[PDB]
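Input: a single structure, listed below in structure tokens.
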Amino acid sequence: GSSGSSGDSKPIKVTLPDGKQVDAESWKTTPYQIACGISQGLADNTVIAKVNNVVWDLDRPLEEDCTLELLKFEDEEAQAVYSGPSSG
């Protein structure tokens with residue numbers, strides 16, 4: 001089909017890795033925010049967020065109804081990882 005590429009965002013649902021559920025938006029909200037939302041520090045202790053049991057970038061916004069899972073830390077992987085942004 002047509003590779004889904006930014007096609008009018010929409011209200012999606014993201015289930016926490018604890019079971020809890022949250023509201024998000026496709027190409028609007030990310031796994032970094034969802035966590036950030038929680039008591040400051042949670043997202044602080046994160047690495048790579050899994051979206052639908054698939055590696056997802058914290059800077060990358062979800063795509064649709066999927067599950068969020070914060071990793072404790074990388075484990076046999078390189079290249080695919082955040083990039084030191086400006087200022088810090």
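Residues are named by chain letter and number: chains run A, B, ... in the order of the structure tokens, numbers start at 1 in each chain, and ligands are numbered from 1 in the order shown.
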Which residues, written as a ChimeraX atom specification, have at least one atom at most 10 Å from segment 74-80 of chain A, with only C-alpha atoms counted and residues fewer than 3 positions away on the same chain left out? /A:46-48,55-57,71,83
Do a neighbour search on segment 5-14 of chain A at 7 Å with only C-alpha atoms, toss out local chain neighbours closer than 4 positions, and write the hits as a ChimeraX atom specification. /A:21-28,64-68
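Separating atom CA of residue 69 of chain A from atom CA of residue 87 of chain A is a distance of 27.2 Å.
Take the candidates A:88, A:60, A:32, A:17 and check each one against residue 44 of chain A using only C-alpha atoms; the shortest distance goes to A:32.
Assigned to strand (DSSP E) in chain A, given DSSP computed from backbone atoms, are residues 11, 12, 13, 14, 15, 21, 22, 23, 24, 25, 49, 50, 51, 55, 56, 66, 67, 68, 69 and 70 of chain A.
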Assign secondary structure with DSSP using the backbone only, and return the residues of chain A in alpha helix (DSSP H) as a count of residues only. 7
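When atom CA of residue 4 of chain A is paired with atom CA of residue 54 of chain A, their separation reads 17.0 Å.
Picture a line from atom CA of residue 61 of chain A to atom CA of residue 29 of chain A; it runs 5.2 Å.
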Which neighbours of residue 35 of chain A fall inside 10 Å, counting only C-alpha atoms, when residues of the same chain fewer than 4 positions from it are skipped, and could you give them as number ranges by chain? A: 16, 30-31, 39-46, 49, 58, 68-70
